[PDB]
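Structure file model30.pdb with PDB, N, CA, C and O atoms:
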MODEL        1
ATOM      1  N   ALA Z   1       0.241  12.455  -1.084
ATOM      2  CA  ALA Z   1       0.434  12.006   0.325
ATOM      3  C   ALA Z   1       0.791  10.518   0.361
ATOM      4  O   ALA Z   1       0.010   9.673  -0.030
ATOM      5  N   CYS Z   2       1.967  10.191   0.825
ATOM      6  CA  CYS Z   2       2.374   8.760   0.881
ATOM      7  C   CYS Z   2       1.824   8.100   2.152
ATOM      8  O   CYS Z   2       2.000   6.919   2.375
ATOM      9  N   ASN Z   3       1.163   8.856   2.985
ATOM     10  CA  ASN Z   3       0.605   8.277   4.243
ATOM     11  C   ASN Z   3      -0.020   6.906   3.967
ATOM     12  O   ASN Z   3      -0.521   6.645   2.892
ATOM     13  N   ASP Z   4       0.007   6.029   4.934
ATOM     14  CA  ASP Z   4      -0.584   4.676   4.731
ATOM     15  C   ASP Z   4      -2.084   4.789   4.443
ATOM     16  O   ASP Z   4      -2.704   3.862   3.962
ATOM     17  N   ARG Z   5      -2.671   5.917   4.735
ATOM     18  CA  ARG Z   5      -4.129   6.086   4.476
ATOM     19  C   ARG Z   5      -4.423   5.903   2.986
ATOM     20  O   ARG Z   5      -5.028   4.931   2.578
ATOM     21  N   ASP Z   6      -3.997   6.826   2.168
ATOM     22  CA  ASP Z   6      -4.251   6.697   0.705
ATOM     23  C   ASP Z   6      -3.366   5.598   0.114
ATOM     24  O   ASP Z   6      -3.721   4.952  -0.851
ATOM     25  N   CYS Z   7      -2.215   5.377   0.691
ATOM     26  CA  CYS Z   7      -1.310   4.317   0.164
ATOM     27  C   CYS Z   7      -1.943   2.939   0.369
ATOM     28  O   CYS Z   7      -2.138   2.189  -0.566
ATOM     29  N   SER Z   8      -2.268   2.602   1.587
ATOM     30  CA  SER Z   8      -2.891   1.274   1.848
ATOM     31  C   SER Z   8      -4.175   1.134   1.028
ATOM     32  O   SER Z   8      -4.361   0.175   0.305
ATOM     33  N   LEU Z   9      -5.061   2.086   1.130
ATOM     34  CA  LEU Z   9      -6.329   2.010   0.350
ATOM     35  C   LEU Z   9      -6.023   1.661  -1.108
ATOM     36  O   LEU Z   9      -6.584   0.741  -1.670
ATOM     37  N   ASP Z  10      -5.134   2.391  -1.725
ATOM     38  CA  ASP Z  10      -4.787   2.099  -3.143
ATOM     39  C   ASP Z  10      -4.123   0.724  -3.248
ATOM     40  O   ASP Z  10      -4.339  -0.011  -4.190
ATOM     41  N   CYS Z  11      -3.318   0.371  -2.284
ATOM     42  CA  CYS Z  11      -2.643  -0.958  -2.326
ATOM     43  C   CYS Z  11      -3.690  -2.075  -2.306
ATOM     44  O   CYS Z  11      -3.576  -3.058  -3.013
ATOM     45  N   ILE Z  12      -4.710  -1.933  -1.505
ATOM     46  CA  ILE Z  12      -5.764  -2.986  -1.447
ATOM     47  C   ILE Z  12      -6.558  -3.000  -2.753
ATOM     48  O   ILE Z  12      -7.081  -4.017  -3.164
ATOM     49  N   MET Z  13      -6.651  -1.877  -3.410
ATOM     50  CA  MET Z  13      -7.409  -1.822  -4.693
ATOM     51  C   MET Z  13      -6.531  -2.315  -5.845
ATOM     52  O   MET Z  13      -6.981  -3.027  -6.721
ATOM     53  N   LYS Z  14      -5.280  -1.941  -5.851
ATOM     54  CA  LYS Z  14      -4.374  -2.389  -6.946
ATOM     55  C   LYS Z  14      -4.457  -3.909  -7.114
ATOM     56  O   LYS Z  14      -4.383  -4.426  -8.211
ATOM     57  N   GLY Z  15      -4.609  -4.629  -6.035
ATOM     58  CA  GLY Z  15      -4.696  -6.108  -6.135
ATOM     59  C   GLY Z  15      -3.983  -6.750  -4.942
ATOM     60  O   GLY Z  15      -4.072  -7.942  -4.724
ATOM     61  N   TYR Z  16      -3.276  -5.972  -4.168
ATOM     62  CA  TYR Z  16      -2.558  -6.542  -2.994
ATOM     63  C   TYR Z  16      -3.470  -6.541  -1.764
ATOM     64  O   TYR Z  16      -4.669  -6.711  -1.870
ATOM     65  N   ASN Z  17      -2.912  -6.355  -0.599
ATOM     66  CA  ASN Z  17      -3.753  -6.350   0.632
ATOM     67  C   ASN Z  17      -3.443  -5.117   1.487
ATOM     68  O   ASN Z  17      -4.318  -4.549   2.113
ATOM     69  N   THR Z  18      -2.208  -4.698   1.524
ATOM     70  CA  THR Z  18      -1.853  -3.502   2.343
ATOM     71  C   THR Z  18      -0.571  -2.851   1.813
ATOM     72  O   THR Z  18       0.079  -3.366   0.927
ATOM     73  N   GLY Z  19      -0.206  -1.720   2.353
ATOM     74  CA  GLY Z  19       1.031  -1.033   1.887
ATOM     75  C   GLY Z  19       1.391   0.089   2.863
ATOM     76  O   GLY Z  19       0.712   0.311   3.845
ATOM     77  N   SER Z  20       2.455   0.800   2.603
ATOM     78  CA  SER Z  20       2.854   1.908   3.520
ATOM     79  C   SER Z  20       3.710   2.933   2.771
ATOM     80  O   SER Z  20       4.026   2.765   1.610
ATOM     81  N   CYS Z  21       4.088   3.996   3.428
ATOM     82  CA  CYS Z  21       4.924   5.031   2.754
ATOM     83  C   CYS Z  21       6.392   4.599   2.737
ATOM     84  O   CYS Z  21       6.931   4.158   3.733
ATOM     85  N   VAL Z  22       7.046   4.722   1.613
ATOM     86  CA  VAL Z  22       8.478   4.316   1.535
ATOM     87  C   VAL Z  22       9.325   5.478   1.006
ATOM     88  O   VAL Z  22       9.102   5.977  -0.079
ATOM     89  N   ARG Z  23      10.295   5.913   1.765
ATOM     90  CA  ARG Z  23      11.152   7.044   1.303
ATOM     91  C   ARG Z  23      10.283   8.134   0.670
ATOM     92  O   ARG Z  23      10.727   8.882  -0.178
ATOM     93  N   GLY Z  24       9.045   8.225   1.074
ATOM     94  CA  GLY Z  24       8.147   9.262   0.494
ATOM     95  C   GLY Z  24       7.384   8.664  -0.690
ATOM     96  O   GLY Z  24       6.971   9.362  -1.593
ATOM     97  N   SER Z  25       7.195   7.373  -0.689
ATOM     98  CA  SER Z  25       6.460   6.723  -1.813
ATOM     99  C   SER Z  25       5.348   5.827  -1.266
ATOM    100  O   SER Z  25       4.904   5.991  -0.150
ATOM    101  N   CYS Z  26       4.894   4.880  -2.039
ATOM    102  CA  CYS Z  26       3.807   3.984  -1.546
ATOM    103  C   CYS Z  26       3.961   2.579  -2.131
ATOM    104  O   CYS Z  26       3.793   2.364  -3.315
ATOM    105  N   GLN Z  27       4.268   1.617  -1.304
ATOM    106  CA  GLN Z  27       4.422   0.221  -1.805
ATOM    107  C   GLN Z  27       3.303  -0.658  -1.243
ATOM    108  O   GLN Z  27       2.673  -0.320  -0.260
ATOM    109  N   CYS Z  28       3.045  -1.780  -1.856
ATOM    110  CA  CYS Z  28       1.961  -2.669  -1.350
ATOM    111  C   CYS Z  28       2.530  -4.034  -0.959
ATOM    112  O   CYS Z  28       3.630  -4.391  -1.331
ATOM    113  N   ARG Z  29       1.786  -4.801  -0.207
ATOM    114  CA  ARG Z  29       2.279  -6.145   0.210
ATOM    115  C   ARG Z  29       1.109  -7.125   0.317
ATOM    116  O   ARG Z  29       0.083  -6.822   0.893
ATOM    117  N   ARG Z  30       1.254  -8.299  -0.233
ATOM    118  CA  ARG Z  30       0.149  -9.297  -0.163
ATOM    119  C   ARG Z  30       0.330 -10.205   1.058
ATOM    120  O   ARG Z  30       1.432 -10.437   1.513
ATOM    121  N   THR Z  31      -0.746 -10.720   1.589
ATOM    122  CA  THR Z  31      -0.633 -11.613   2.779
ATOM    123  C   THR Z  31      -1.005 -13.048   2.400
ATOM    124  O   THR Z  31      -2.086 -13.517   2.693
ATOM    125  N   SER Z  32      -0.117 -13.749   1.748
ATOM    126  CA  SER Z  32      -0.423 -15.153   1.351
ATOM    127  C   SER Z  32       0.858 -15.870   0.914
ATOM    128  O   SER Z  32       1.837 -15.247   0.553
ATOM    129  N   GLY Z  33       0.859 -17.174   0.945
ATOM    130  CA  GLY Z  33       2.075 -17.930   0.530
ATOM    131  C   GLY Z  33       2.405 -18.988   1.586
ATOM    132  O   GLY Z  33       2.198 -20.157   1.308
TER     133      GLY Z  33
ENDMDL
END
Could you spell out this file's structure in structure tokens?
Amino acid sequence: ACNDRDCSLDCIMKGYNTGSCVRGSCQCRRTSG
């Protein structure tokens, strides 16, 4: 499931802060800089 539910959760654990479904995938994004 690429839903932001499991995607975001995993994105925050991978080391980033959030993420979303992309073309049926899951990317993450950090909030800093």
Going by the chain IDs and residue numbers used in this file, which residues fall under the PyMOL selection byres ((chain Z and resi 2) around 8)? Write them as number ranges by chain.
Z: 1, 3-8, 19-27
One-decimal distance in Å that lies between atom O of residue 33 (chain Z) and CA of residue 11 (chain Z):
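Value for the CA of residue 11 (chain Z)-atom O of residue 33 (chain Z) distance: 20.1 Å.
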From the DSSP assignment of the backbone, select every residue of chain Z that is alpha helix (DSSP H), and format the answer as a PyMOL selection string.
chain Z and resi 4-14
Grab all the atoms of region 7-14 of chain Z that the file lists, wrap them in a box along x, y and z, add 8 Å per side, and give me centre plus edge lengths in Å (one decimal) as lines of an AutoDock Vina configuration file.
center_x = -4.4
center_y = 0.5
center_z = -3.2
size_x = 22.1
size_y = 25.8
size_z = 26.1
Using the chain letters and numbers from this document, which residues of region 2-32 of chain Z does DSSP assign to strand (DSSP E or B), as a PyMOL selection string?
chain Z and resi 18-22+25-29
The residues within 8 Å of (-1.7, -4.3, -0.7), using only C-alpha atoms and the coordinates of the file, should be reported as JSON, numbers by chain; which are they?
{"Z": [8, 9, 10, 11, 12, 13, 14, 15, 16, 17, 18, 19, 27, 28, 29, 30]}
